[PDB]
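One structure is given here, and the rest of the page talks about it.
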Amino acid sequence: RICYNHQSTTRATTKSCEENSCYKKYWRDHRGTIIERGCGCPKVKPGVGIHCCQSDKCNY
């Protein structure tokens, strides 16, 4: 699988992973949202939002 692995406000990077799934984590606190991404589809803890998706470079 090929997937995005840049967080918020960082140069667009991709990695490869073995997983079939890939994800975007997202949360916000101050005057901007912290988005982070990776491969697979793990469960996260409340307040910290998520979405996972099942196709290469979906997780922008």
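Don't worry about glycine lacking a Cβ; one is built from the backbone with ideal geometry, like all the others, and counts go over all protein chains shown. Rule-based calculations on the coordinates, nothing more; no lab input.
Values computed for the structure shown
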| read-out | value |
| --- | --- |
| Scope region 32-54; condition within 18 Å of residue 3 (Cβ to Cβ), outside any loop (DSSP other than H, G, I, E, B) and among the aliphatic types (A, V, I, L, M); matching residues | 35, 50 |
| Filter pass, residue 25 being at negative phi, touching a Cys at 6+ places or on another chain (Cβ under 8 Å), part of a strand (DSSP E or B) and not aromatic (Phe, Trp, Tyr) | no |
| Matching entry among 1, 37 (being in contact with a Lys or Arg (Cβ under 6 Å, 6 or more places away or on another chain), of a type outside the set (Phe, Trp, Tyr) and surrounded by 13 or more Cβ atoms within 10 Å (Cβ to Cβ)) | 37 |
| Conditions (1) part of a strand (DSSP E or B); (2) surrounded by fewer than 16 Cβ atoms within 10 Å (Cβ to Cβ): number failed by residue 20 | (1) |
| Cβ pairs under 8 Å, 6+ apart, first in region 28-49 and over 16 Å from residue 8 (Cβ atoms) and without any contact (Cβ under 8 Å) to a residue 24 or more places away in the chain, second part of a loop (DSSP other than H, G, I, E, B) and charged (D, E, K, R) | 40/19; 41/19 |
